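Worksheet for the structure shown next.
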Protein chains: 2
Amino acid sequence: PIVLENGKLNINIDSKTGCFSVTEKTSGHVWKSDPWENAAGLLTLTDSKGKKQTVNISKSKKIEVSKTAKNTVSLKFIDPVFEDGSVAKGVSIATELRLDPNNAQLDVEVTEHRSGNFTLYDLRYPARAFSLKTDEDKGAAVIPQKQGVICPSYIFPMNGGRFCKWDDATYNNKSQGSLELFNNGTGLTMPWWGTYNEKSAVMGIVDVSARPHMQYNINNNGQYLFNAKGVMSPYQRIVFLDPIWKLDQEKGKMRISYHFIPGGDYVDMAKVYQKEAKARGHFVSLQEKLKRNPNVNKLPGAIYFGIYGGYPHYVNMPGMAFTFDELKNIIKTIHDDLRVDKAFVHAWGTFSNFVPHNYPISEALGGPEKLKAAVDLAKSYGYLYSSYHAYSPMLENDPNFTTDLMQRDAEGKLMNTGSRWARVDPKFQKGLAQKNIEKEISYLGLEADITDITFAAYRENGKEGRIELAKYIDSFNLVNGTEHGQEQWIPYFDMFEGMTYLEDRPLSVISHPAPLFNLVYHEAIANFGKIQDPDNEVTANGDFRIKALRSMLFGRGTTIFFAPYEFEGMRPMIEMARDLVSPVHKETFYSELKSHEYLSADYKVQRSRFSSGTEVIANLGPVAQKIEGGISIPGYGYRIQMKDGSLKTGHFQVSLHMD
Amino acid sequence: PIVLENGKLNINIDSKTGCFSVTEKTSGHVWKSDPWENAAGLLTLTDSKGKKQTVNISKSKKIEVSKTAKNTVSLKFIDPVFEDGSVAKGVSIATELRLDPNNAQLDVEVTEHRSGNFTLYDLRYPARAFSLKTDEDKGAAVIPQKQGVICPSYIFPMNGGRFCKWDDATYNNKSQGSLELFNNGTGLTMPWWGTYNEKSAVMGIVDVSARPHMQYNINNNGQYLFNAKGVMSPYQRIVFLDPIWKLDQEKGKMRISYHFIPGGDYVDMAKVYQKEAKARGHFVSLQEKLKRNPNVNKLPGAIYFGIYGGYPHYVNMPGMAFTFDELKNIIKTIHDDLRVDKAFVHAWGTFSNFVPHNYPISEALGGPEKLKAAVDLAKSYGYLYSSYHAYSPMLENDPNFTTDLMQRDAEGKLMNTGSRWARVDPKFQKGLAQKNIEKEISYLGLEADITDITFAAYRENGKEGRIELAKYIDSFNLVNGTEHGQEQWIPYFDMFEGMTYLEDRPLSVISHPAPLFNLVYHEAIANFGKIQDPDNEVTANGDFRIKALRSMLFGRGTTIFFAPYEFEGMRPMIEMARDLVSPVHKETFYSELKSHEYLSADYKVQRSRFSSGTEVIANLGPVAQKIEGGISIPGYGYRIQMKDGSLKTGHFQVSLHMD
Ligand SMILES: *[C@@H]1O[C@@H]2CO[C@@H]([C@H]2O)[C@H]1F
Ligand SMILES: *[C@@H]1O[C@@H]2CO[C@@H]([C@H]2O)[C@H]1F
Ligand SMILES: [Cl-]
Ligand SMILES: [Cl-]
Ligand SMILES: [Cl-]
Ligand SMILES: [Cl-]
Ligand code: NA
Ligand code: NA
């Protein structure tokens, strides 16, 4: 066995297989290689019949493992062998393991692959590494799926209905699969993931140039590998996360950097990535942004109101569109009646054309002067105001629809024919924004702007055009927001609408929300709830009780998103948000979310600590529970130490009034 | 233009294509054939080279349409043509349309199919029939997906967040796909579906011998047919539901019976099917069941309590398992403290072996005498009691696990390796129940029984063993319940736990729950909320406010399902269910749900009328809304006319208690 070692880690590399283990010397924890099949890697490729097959590369005809430098081991896997015994002759995979000379860090890189007459697809490498043993290790997989989740490596008490779904999911295909980097759907928002138990944590940071996918396996024993064979899995229930190198697509450096943290958990992982986030240039702080624009300080303690008038979906839809006088009256009621001190008013439906033609201000709704009156009222309160804007859509129901603004692929076929809100090629989008955005800023005296869709993901295709549009918008020095966001867009915006949770998502029944993105970026970007899943709607992610408490724990702002006819029903939630969430949001807005903890066995009682000196404890479940020192946190209740030392305690109650 | 006609309907058949239109003569509404491609059917088959392809059978080499009887048109589609222009020589499809001589009914049947040297797969027939034109027809598709949904054929006001998800789904793949019959997952619980507008309704009833799937298209313009070609759809947005006949699987009669109802909607469709359900033998009324077993009358007004002790998933799990003294005390508190007058107490975790060995009563939890003391207390209150029972599982973590009782397929391979709760071949399950159920009934003096899993679906494989188990359990004449249920099992049970809604499901963002199943079967089977989505959990299907109101509208009972440590947090919801839902459930339990209506344009305010003389109006949304007479229904509010003349009015309120 070839050995790489420094003061902190011992890497054992098996000469016959290329599998490796990592001993964290301070704790004695041994991170094992593939516990199921001793596969260093899992390679998907075509066979001589051209059928796709997945092979264990440790069963290749030739394995070369040699220490090519003091802290480098080079591996070569030559001529993999298929299940039927034939050989992918001429296929080879070359990899390196590079141990940092001083730090508990191991770089793993796929340096070369050769296809011969075969075609190569996925490479899980390292395969099924750094795993946790279900119900022995007491820890979790750590996955930055949108705001982030952890998946515990053991069964624990919880509501019986949740418990049945949870446990059942670890025995079927709900607990295995893959996710992608940097989308606004089911995927990850940071290029890292990890596992930890009570002794030890490990995380891998993907090279900035690469886009692997991430395979997950959450307490599954691999039965999915045997169902078509009709046999019971002989493997043990484990937790693992693997990089999937897309060999047919990947043009970057296929490197992942593993960091080993003694006694660490998801918080320590987040803080390690935060240093890398700064090095990558993503981290531009809200204090810096405030220095550049004092109007940033109208965000702390602001409720984000989206007044949804059926636009961009429809122009002047009966029963949904607001007039401009109606808009003004809603703004006035929020301020005078509901005593909301700070607000971001976002009015969806101000233009009489479909996006991406964000103009003119609609005559039917009252015309420019009446909109200006509504905006001038909001400004006189110190509120932020934006209309709905988007430069990416090309809508079937728009009379100005044209495929001329769309993008075509290498075969000349239109792209995103099935995705109406993102059809305009990004290379056109600055020109579309240029048609009226400066005239609207000038006429309405705008201080803020929110733009939909274009910055919700960070994909390679079209990236140059999105950056161009980001720089143009950012040049006006408005307080500016965008839908969902990604870490790459943080330098160009002050707030993200979203960066929370999908309602229906892989892992939902076997994970707990964790503020992983905000543990990294809360000082650099303000986020608010997603308009599709706002705090006034009851969804898979909770009711107002749950969402308000999670808001304070995770450091996000309140989102009230409503059609105009609902407004009267919004009042109690605006009031409770005003009284409970807004002062905590205000106090913690610029600070670092230093730590988050789960304080109860069922993960429902949590504690967050902000560098403002603010501490938030909240109980997101129905039953009072005790924490350290016998303090009891009521169901749907909270206990908050503010910066000045005052203690706030309370809870939400659901009542039935009977006439 | 061959014609079938009677006094109520006019069927116009095209001789060149086989497409037909139906004129419903009372309203004059015309149901058109395929508005997109003039396809009578869509046939999926392999080509010369073995690739699956889907063809328009109206483009076949030869099409014969002849009136072959007074009210029968026979159609023949010979030699379908592929898209490249090659021919499926020797493939044919024969169909018939048979108009009832007197009634507004049209039978449609695939009588013969010949495959030659190709392989036939799916046949949509009739294809894209009985469609609604989006935003022109004001109506809905009607789909008995579990309890049932309707899918409006037009955009309407709703919460802004729901609105974006709704409208967006009609432009992507969320609005197209297929469902299956008689499963406990995403599928249909009754073999019918339909469409209606403001003039007329049509529904199709599938032959009892057949198992087609159901294709849906909910306001989609068919862009999904063109995404791979990378062009824009030229078709218009429509709603349709099609039979999918699985030609490679189907052994029954491929017949569907269309019924045409002037001025009808989903209520009228349900009542049409209710006649066929009685004819099929499914409909055994709760009044007949009460005549056989007076204890059935302990169900009306009962809250269904599941005390989830971590079983069947684990035996005596720390932090989840209850002792029998603890169980007794929970029962005592529910009665003496919470004043719950009627209840079904369901204790999950009473045996020291894993299911399917439902014995012995656990010594570790206290032994048989202490369990008897709990059951005796329950019975002294007039409560029903059951342990958790299941005879279908074969669990990996059971020390007695064996593949001996699992089913194998023709190749000797284990079946359901992926589905741990349904592994025991149903031909063994009566014998497994016989091992101890009679001893338990005898020793505890049981009056009730609930069984998990076995009767949640109605599949062909294993049906006879399931029927044998059902007859055995039914022979004890206990009040008996089962998980989920299906219409075929109604003769054997008094209550179904479930038959409501999955949390995550196809159509969820573009449908409204409608009590289709209970509109048919409320007089015949009692249902309660599903244990995984109980009324005390906040999920995609609502919080307690929404679930309690929907309970009274749809005619189901309350389900409070909790781990023991949660019990104190359940108190407020038990009290609210006690005061609001229980008296309405009690009054309406045996009655027919005569009618259901949506009274607001956002479908949140609804009215149900029961044949007990009870009318339930409730508002499942946040804002007060007015109905006829200018009566206002508060947000999360209700207006209930009871049989005794009293009018119950009230609403739920969320409040913030800041200490
Ligand atoms: C029946 O089936 C399985 C076992 O118990 C639960 C579910 O997890 C019940 F729903
Ligand atoms: C941005 O994208 C589309 C359009 O508006 C919504 C969504 O439907 C917003 F989220
Ligand atoms: Cl875009
Ligand atoms: Cl959040
Ligand atoms: Cl079964
Ligand atoms: Cl329901
Ligand atoms: Na800005
Ligand atoms: Na019975």
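Lettering and numbering for the structure tokens are positional, with chains as A, B, ... in the shown order, residues counted from 1 in each chain, and ligands counted from 1 in the shown order.
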
What residues in region 425-640 of chain A get the DSSP label strand (DSSP E)? Please answer as an NGL selection string. :A and (448-451 or 479-483 or 495-497 or 512-513 or 526-528 or 559-562 or 593-598 or 605-610 or 615-619 or 625-626 or 632-633 or 637-640)

Those same residues - C-alpha atoms - I'd like them written as a PDB file, in the first residue's frame.
```pdb
ATOM      1  CA  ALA A 448     -34.502  50.216  -6.901  1.00  0.00           C
ATOM      2  CA  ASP A 449     -34.906  47.584  -9.582  1.00  0.00           C
ATOM      3  CA  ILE A 450     -35.678  43.853  -9.560  1.00  0.00           C
ATOM      4  CA  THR A 451     -35.126  41.714 -12.656  1.00  0.00           C
ATOM      5  CA  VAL A 479     -30.710  49.018  -4.907  1.00  0.00           C
ATOM      6  CA  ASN A 480     -31.142  46.008  -7.140  1.00  0.00           C
ATOM      7  CA  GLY A 481     -32.663  42.590  -6.704  1.00  0.00           C
ATOM      8  CA  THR A 482     -33.022  39.550  -8.860  1.00  0.00           C
ATOM      9  CA  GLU A 483     -34.989  36.307  -8.821  1.00  0.00           C
ATOM     10  CA  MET A 495     -30.874  41.201  -2.756  1.00  0.00           C
ATOM     11  CA  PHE A 496     -32.063  37.817  -4.034  1.00  0.00           C
ATOM     12  CA  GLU A 497     -35.770  36.892  -4.133  1.00  0.00           C
ATOM     13  CA  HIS A 512     -33.627  19.034   7.278  1.00  0.00           C
ATOM     14  CA  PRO A 513     -33.308  22.592   5.931  1.00  0.00           C
ATOM     15  CA  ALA A 526     -29.779  39.780   1.367  1.00  0.00           C
ATOM     16  CA  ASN A 527     -32.389  37.206   0.581  1.00  0.00           C
ATOM     17  CA  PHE A 528     -36.167  37.081   0.853  1.00  0.00           C
ATOM     18  CA  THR A 559     -42.043  37.922   1.491  1.00  0.00           C
ATOM     19  CA  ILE A 560     -45.758  38.735   1.171  1.00  0.00           C
ATOM     20  CA  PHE A 561     -46.839  37.925  -2.407  1.00  0.00           C
ATOM     21  CA  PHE A 562     -50.493  38.307  -3.244  1.00  0.00           C
ATOM     22  CA  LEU A 593     -24.617  34.172  10.544  1.00  0.00           C
ATOM     23  CA  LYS A 594     -21.825  32.782  12.724  1.00  0.00           C
ATOM     24  CA  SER A 595     -23.452  29.516  13.784  1.00  0.00           C
ATOM     25  CA  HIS A 596     -26.578  27.420  13.474  1.00  0.00           C
ATOM     26  CA  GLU A 597     -27.382  24.474  15.733  1.00  0.00           C
ATOM     27  CA  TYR A 598     -30.044  21.801  16.043  1.00  0.00           C
ATOM     28  CA  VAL A 605     -35.568  23.304  17.887  1.00  0.00           C
ATOM     29  CA  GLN A 606     -32.733  25.392  16.453  1.00  0.00           C
ATOM     30  CA  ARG A 607     -30.342  28.140  17.526  1.00  0.00           C
ATOM     31  CA  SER A 608     -28.698  30.731  15.285  1.00  0.00           C
ATOM     32  CA  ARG A 609     -26.061  33.263  16.351  1.00  0.00           C
ATOM     33  CA  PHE A 610     -25.351  36.413  14.333  1.00  0.00           C
ATOM     34  CA  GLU A 615     -29.291  35.017  19.085  1.00  0.00           C
ATOM     35  CA  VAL A 616     -32.425  33.308  17.708  1.00  0.00           C
ATOM     36  CA  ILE A 617     -33.806  30.108  19.239  1.00  0.00           C
ATOM     37  CA  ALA A 618     -37.020  28.811  17.683  1.00  0.00           C
ATOM     38  CA  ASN A 619     -39.079  25.613  17.765  1.00  0.00           C
ATOM     39  CA  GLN A 625     -39.318  21.122  24.135  1.00  0.00           C
ATOM     40  CA  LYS A 626     -36.528  21.735  26.647  1.00  0.00           C
ATOM     41  CA  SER A 632     -38.451  25.344  27.498  1.00  0.00           C
ATOM     42  CA  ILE A 633     -39.169  26.604  23.964  1.00  0.00           C
ATOM     43  CA  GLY A 637     -42.233  29.505  19.692  1.00  0.00           C
ATOM     44  CA  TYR A 638     -39.093  31.565  19.989  1.00  0.00           C
ATOM     45  CA  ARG A 639     -36.532  32.898  22.419  1.00  0.00           C
ATOM     46  CA  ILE A 640     -34.411  35.742  21.042  1.00  0.00           C
TER      47      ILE A 640
END
```

Per residue of chain A within 6 Å of ligand 3, what are the shortest atom pair and its distance in Å to one decimal, counting only C-alpha atoms and all ligand atoms, with rows by chain and residue number, as CSV?
```
residue,atom,partner,partner_atom_place_in_ligand_line,distance
A:392,CA,ligand 3,1 (Cl),5.1
A:422,CA,ligand 3,1 (Cl),4.9
A:426,CA,ligand 3,1 (Cl),5.5
A:454,CA,ligand 3,1 (Cl),3.9
```

Based on the selection just made, write N, CA and C atoms of those residues as a PDB file, in the first residue's frame.
```pdb
ATOM      1  N   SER A 392     -35.602  38.237 -20.696  1.00  0.00           N
ATOM      2  CA  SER A 392     -35.404  36.873 -21.188  1.00  0.00           C
ATOM      3  C   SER A 392     -36.634  36.185 -21.794  1.00  0.00           C
ATOM      4  N   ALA A 422     -37.282  31.877 -20.551  1.00  0.00           N
ATOM      5  CA  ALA A 422     -35.846  31.990 -20.816  1.00  0.00           C
ATOM      6  C   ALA A 422     -35.561  31.584 -22.268  1.00  0.00           C
ATOM      7  N   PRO A 426     -29.184  35.483 -24.197  1.00  0.00           N
ATOM      8  CA  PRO A 426     -28.615  36.537 -23.339  1.00  0.00           C
ATOM      9  C   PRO A 426     -27.848  37.600 -24.099  1.00  0.00           C
ATOM     10  N   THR A 454     -33.177  36.068 -15.408  1.00  0.00           N
ATOM     11  CA  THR A 454     -31.883  35.967 -16.096  1.00  0.00           C
ATOM     12  C   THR A 454     -30.765  35.519 -15.162  1.00  0.00           C
TER      13      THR A 454
END
```

Among region 335-395 of chain A, which residues carry a DSSP assignment of helix (DSSP H, G or I), reported as a PyMOL selection string? chain A and resi 335-337+367-380

Output C-alpha atoms for every residue in the selection just made, as an mmCIF file, in the first residue's frame.
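New file out-v4.cif:
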```cif
data_model
loop_
_atom_site.group_PDB
_atom_site.id
_atom_site.type_symbol
_atom_site.label_atom_id
_atom_site.label_comp_id
_atom_site.auth_asym_id
_atom_site.auth_seq_id
_atom_site.Cartn_x
_atom_site.Cartn_y
_atom_site.Cartn_z
ATOM 1 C CA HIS A 335 -47.817 52.420 5.781
ATOM 2 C CA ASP A 336 -50.662 54.265 7.567
ATOM 3 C CA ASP A 337 -52.907 51.331 8.617
ATOM 4 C CA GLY A 367 -50.830 56.058 -17.321
ATOM 5 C CA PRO A 368 -47.414 57.426 -16.316
ATOM 6 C CA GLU A 369 -48.565 60.238 -13.979
ATOM 7 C CA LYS A 370 -50.699 57.940 -11.814
ATOM 8 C CA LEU A 371 -47.896 55.387 -11.541
ATOM 9 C CA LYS A 372 -45.498 58.203 -10.596
ATOM 10 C CA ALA A 373 -47.946 59.234 -7.855
ATOM 11 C CA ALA A 374 -47.894 55.701 -6.428
ATOM 12 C CA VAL A 375 -44.073 55.601 -6.591
ATOM 13 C CA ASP A 376 -43.752 59.094 -5.117
ATOM 14 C CA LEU A 377 -45.923 58.019 -2.189
ATOM 15 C CA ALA A 378 -43.718 54.968 -1.580
ATOM 16 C CA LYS A 379 -40.601 57.155 -1.747
ATOM 17 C CA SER A 380 -42.117 59.649 0.734
#
```

Given a cut-off of 9 Å, what residues near ligand 5 show up using only C-alpha atoms and all ligand atoms, put as a PyMOL selection string? chain B and resi 391-393+421-426+429+453-457+462-463+465-466

Please identify all protein, DNA and RNA residues within 10 Å of ligand 2, counting only C-alpha atoms and all ligand atoms, and report them as a ChimeraX atom specification. /A:308,310-313,348,355,388-390,392-393,420-422,451-454,456,482-484,497-498,530-532 /B:160-169

Given 10 Å and only C-alpha atoms and all ligand atoms, residues near ligand 8 as a tab-separated table (two decimals) with C-alpha atoms, in the first residue's frame:
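Now in selection_4.tsv:
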```tsv
chain	number	residue	atom	x	y	z
B	286	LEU	CA	-72.70	1.95	5.80
B	289	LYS	CA	-72.79	-2.47	7.58
B	290	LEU	CA	-74.36	-0.92	10.71
B	292	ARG	CA	-74.64	-6.20	10.57
B	293	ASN	CA	-72.49	-4.60	13.31
B	294	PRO	CA	-73.96	-2.00	15.71
B	295	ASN	CA	-70.40	-0.94	16.68
B	296	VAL	CA	-70.10	0.80	13.31
B	447	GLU	CA	-64.24	-4.73	18.48
B	448	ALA	CA	-62.20	-3.21	15.67
B	449	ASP	CA	-59.28	-3.88	13.38
B	450	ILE	CA	-57.11	-1.93	10.94
B	473	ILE	CA	-60.89	-10.46	8.31
B	474	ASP	CA	-64.46	-9.59	7.35
B	475	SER	CA	-65.68	-12.90	8.83
B	476	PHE	CA	-64.91	-11.65	12.34
B	477	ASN	CA	-67.54	-8.88	12.02
B	478	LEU	CA	-65.32	-6.23	13.61
B	479	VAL	CA	-65.43	-2.59	12.68
B	480	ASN	CA	-62.60	-2.80	10.25
B	481	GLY	CA	-60.44	-0.32	8.45
B	491	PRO	CA	-67.67	-4.51	0.49
B	492	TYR	CA	-65.18	-5.77	3.11
B	493	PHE	CA	-64.38	-2.68	5.19
B	494	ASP	CA	-66.07	0.06	7.19
B	495	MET	CA	-63.38	2.72	6.88
```

Spatial neighbours of residue 123 (chain B), 8 Å, only C-alpha atoms, chain gap at least 5 places, as a VMD selection string: chain B and resid 41 to 44 244 to 247

Take the residues from that selection and put them in a file with N, CA, C and O atoms, as a JSON list (two decimals), in the first residue's frame.
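File part_2.json, as written:
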```json
[["chain", "number", "residue", "atom", "x", "y", "z"],
["B", 41, "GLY", "N", -56.63, 8.17, -33.83],
["B", 41, "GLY", "CA", -55.88, 7.48, -32.80],
["B", 41, "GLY", "C", -54.39, 7.70, -33.00],
["B", 41, "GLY", "O", -53.95, 8.08, -34.08],
["B", 42, "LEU", "N", -53.64, 7.46, -31.93],
["B", 42, "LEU", "CA", -52.19, 7.58, -31.93],
["B", 42, "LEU", "C", -51.64, 6.22, -31.50],
["B", 42, "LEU", "O", -51.87, 5.78, -30.37],
["B", 43, "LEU", "N", -50.94, 5.56, -32.41],
["B", 43, "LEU", "CA", -50.44, 4.20, -32.20],
["B", 43, "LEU", "C", -48.93, 4.20, -32.07],
["B", 43, "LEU", "O", -48.22, 4.69, -32.96],
["B", 44, "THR", "N", -48.43, 3.63, -30.99],
["B", 44, "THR", "CA", -47.00, 3.49, -30.77],
["B", 44, "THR", "C", -46.59, 2.06, -31.10],
["B", 44, "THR", "O", -47.14, 1.10, -30.53],
["B", 244, "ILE", "N", -55.38, 5.27, -22.84],
["B", 244, "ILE", "CA", -54.21, 4.62, -23.42],
["B", 244, "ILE", "C", -54.40, 3.11, -23.30],
["B", 244, "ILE", "O", -54.24, 2.54, -22.21],
["B", 245, "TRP", "N", -54.72, 2.44, -24.40],
["B", 245, "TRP", "CA", -54.82, 0.98, -24.39],
["B", 245, "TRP", "C", -53.43, 0.38, -24.57],
["B", 245, "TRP", "O", -52.74, 0.66, -25.57],
["B", 246, "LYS", "N", -53.00, -0.44, -23.61],
["B", 246, "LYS", "CA", -51.66, -1.05, -23.64],
["B", 246, "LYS", "C", -51.78, -2.33, -24.45],
["B", 246, "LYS", "O", -52.03, -3.41, -23.91],
["B", 247, "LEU", "N", -51.59, -2.21, -25.77],
["B", 247, "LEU", "CA", -51.86, -3.32, -26.68],
["B", 247, "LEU", "C", -50.98, -4.53, -26.39],
["B", 247, "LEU", "O", -51.37, -5.67, -26.68]]
```

Skip residue 47 (chain B) itself and residues of its chain fewer than 4 positions away, then list as a PyMOL selection string all residues within 8 Å of it, counting only C-alpha atoms. chain B and resi 51-53+82+88+118

Would you mind exporting the chosen residues as an mmCIF file, in the first residue's frame, restricted to C-alpha atoms?
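Final output, out.cif:
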```cif
data_model
loop_
_atom_site.group_PDB
_atom_site.id
_atom_site.type_symbol
_atom_site.label_atom_id
_atom_site.label_comp_id
_atom_site.auth_asym_id
_atom_site.auth_seq_id
_atom_site.Cartn_x
_atom_site.Cartn_y
_atom_site.Cartn_z
ATOM 1 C CA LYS B 51 -37.193 1.858 -32.985
ATOM 2 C CA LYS B 52 -40.382 2.757 -31.143
ATOM 3 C CA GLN B 53 -42.435 5.305 -33.071
ATOM 4 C CA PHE B 82 -44.390 6.002 -40.532
ATOM 5 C CA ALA B 88 -46.184 -0.949 -41.193
ATOM 6 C CA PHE B 118 -43.921 -5.369 -35.749
#
```

Could you list, as an mmCIF file with C-alpha atoms, in the first residue's frame, every residue of chain A that has an atom within 7 Å of an atom of chain B, counting only C-alpha atoms?
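Result file follows (iface31.cif):
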```cif
data_model
loop_
_atom_site.group_PDB
_atom_site.id
_atom_site.type_symbol
_atom_site.label_atom_id
_atom_site.label_comp_id
_atom_site.auth_asym_id
_atom_site.auth_seq_id
_atom_site.Cartn_x
_atom_site.Cartn_y
_atom_site.Cartn_z
ATOM 1 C CA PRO A 157 -37.587 10.587 16.780
ATOM 2 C CA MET A 158 -39.962 12.746 14.730
ATOM 3 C CA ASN A 159 -43.651 13.065 13.937
ATOM 4 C CA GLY A 160 -45.000 9.630 13.033
ATOM 5 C CA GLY A 161 -46.151 10.612 9.561
ATOM 6 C CA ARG A 162 -42.817 12.245 8.766
ATOM 7 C CA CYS A 164 -42.863 6.691 7.976
ATOM 8 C CA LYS A 165 -41.968 8.692 4.856
ATOM 9 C CA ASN A 172 -36.349 2.941 -2.081
ATOM 10 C CA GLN A 223 -31.026 -2.291 -3.302
ATOM 11 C CA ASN A 227 -33.817 -4.778 -8.312
ATOM 12 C CA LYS A 229 -31.584 -8.856 -10.980
ATOM 13 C CA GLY A 230 -34.313 -9.679 -8.454
ATOM 14 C CA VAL A 231 -31.960 -10.340 -5.522
ATOM 15 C CA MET A 232 -31.666 -8.750 -2.078
ATOM 16 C CA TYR A 308 -49.183 40.391 -8.434
ATOM 17 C CA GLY A 319 -59.855 40.163 -11.764
ATOM 18 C CA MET A 320 -56.046 40.345 -11.247
ATOM 19 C CA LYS A 413 -32.694 23.955 -33.714
ATOM 20 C CA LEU A 414 -34.341 26.516 -31.458
ATOM 21 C CA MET A 415 -33.313 26.244 -27.822
ATOM 22 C CA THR A 417 -38.751 25.866 -26.954
ATOM 23 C CA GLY A 418 -40.164 24.296 -23.790
ATOM 24 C CA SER A 419 -39.076 27.109 -21.470
ATOM 25 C CA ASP A 504 -41.331 19.521 -4.286
ATOM 26 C CA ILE A 531 -42.658 34.627 -4.706
ATOM 27 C CA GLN A 532 -44.040 31.186 -5.639
ATOM 28 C CA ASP A 533 -43.785 30.010 -2.010
ATOM 29 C CA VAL A 538 -49.360 27.276 3.201
ATOM 30 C CA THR A 539 -47.087 24.827 1.391
ATOM 31 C CA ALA A 540 -44.767 21.877 1.852
ATOM 32 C CA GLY A 542 -44.745 25.478 6.058
ATOM 33 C CA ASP A 543 -47.380 28.008 7.060
ATOM 34 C CA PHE A 561 -46.839 37.925 -2.407
ATOM 35 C CA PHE A 562 -50.493 38.307 -3.244
ATOM 36 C CA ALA A 563 -53.077 39.071 -5.894
ATOM 37 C CA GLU A 566 -56.322 38.971 -1.282
ATOM 38 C CA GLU A 568 -57.429 42.201 3.303
ATOM 39 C CA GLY A 569 -56.486 38.612 4.190
ATOM 40 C CA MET A 576 -47.086 39.619 12.818
ATOM 41 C CA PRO A 622 -45.975 21.714 17.591
ATOM 42 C CA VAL A 623 -44.789 20.603 21.062
ATOM 43 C CA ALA A 624 -42.837 22.536 23.675
ATOM 44 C CA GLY A 635 -44.264 24.878 20.085
ATOM 45 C CA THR A 649 -40.026 35.199 24.060
ATOM 46 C CA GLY A 650 -43.333 34.126 22.585
ATOM 47 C CA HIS A 651 -45.102 31.740 20.270
ATOM 48 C CA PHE A 652 -47.734 31.495 17.553
ATOM 49 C CA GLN A 653 -51.182 30.157 18.297
ATOM 50 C CA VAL A 654 -53.884 28.815 15.992
ATOM 51 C CA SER A 655 -57.392 29.415 17.332
ATOM 52 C CA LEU A 656 -60.935 28.585 16.335
ATOM 53 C CA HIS A 657 -63.450 31.405 16.712
ATOM 54 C CA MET A 658 -67.056 30.200 16.900
ATOM 55 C CA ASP A 659 -69.945 32.681 16.719
#
```

Please return as a PyMOL selection string the residues found within 10 Å of ligand 6, counting only C-alpha atoms and all ligand atoms. chain B and resi 146-148+498-501+513-515+518+527-530+535+541+546-558

Quick one: distance from CA of residue 45 (chain B) to CA of residue 57 (chain B) in Å, one decimal?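 Computed distance, CA of residue 45 (chain B) to CA of residue 57 (chain B), equals 11.2 Å.
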
Spatial neighbours of residue 20 (chain A), 9 Å, only C-alpha atoms, chain gap at least 6 places, as a list in words: residues 11, 12, 13, 14, 31, 32, 33, 34, 40, 126 and 129 of chain A

Write the residues of the selection above to a file with N, CA and C atoms, as a compact mmCIF listing (two decimals), in the first residue's frame.
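See out24.txt below for the written result:
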```
# COMPACT_ATOMS: atom_id res chain seq x y z
N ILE A 11 -2.74 8.94 4.08
CA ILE A 11 -3.49 8.42 2.95
C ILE A 11 -2.93 7.05 2.62
N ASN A 12 -3.78 6.01 2.70
CA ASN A 12 -3.39 4.66 2.31
C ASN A 12 -3.99 4.33 0.95
N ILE A 13 -3.14 4.03 -0.02
CA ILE A 13 -3.55 3.77 -1.40
C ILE A 13 -3.20 2.33 -1.75
N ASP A 14 -4.22 1.53 -2.04
CA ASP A 14 -4.08 0.12 -2.39
C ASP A 14 -3.53 -0.02 -3.81
N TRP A 31 -11.54 7.47 7.11
CA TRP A 31 -12.50 7.56 6.02
C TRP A 31 -12.21 6.43 5.04
N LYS A 32 -13.21 5.59 4.77
CA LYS A 32 -12.96 4.36 4.03
C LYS A 32 -13.19 4.55 2.52
N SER A 33 -12.60 3.64 1.75
CA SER A 33 -12.96 3.55 0.34
C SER A 33 -14.29 2.79 0.20
N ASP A 34 -14.78 2.67 -1.04
CA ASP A 34 -16.06 2.02 -1.36
C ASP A 34 -16.36 0.79 -0.49
N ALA A 40 -12.56 1.86 -6.86
CA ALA A 40 -11.98 3.20 -6.80
C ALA A 40 -12.85 4.19 -7.56
N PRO A 126 -13.76 9.99 -6.59
CA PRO A 126 -13.71 8.64 -6.01
C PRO A 126 -15.12 8.08 -5.78
N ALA A 129 -16.87 7.13 -1.55
CA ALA A 129 -15.86 7.49 -0.57
C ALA A 129 -16.44 8.33 0.56
```
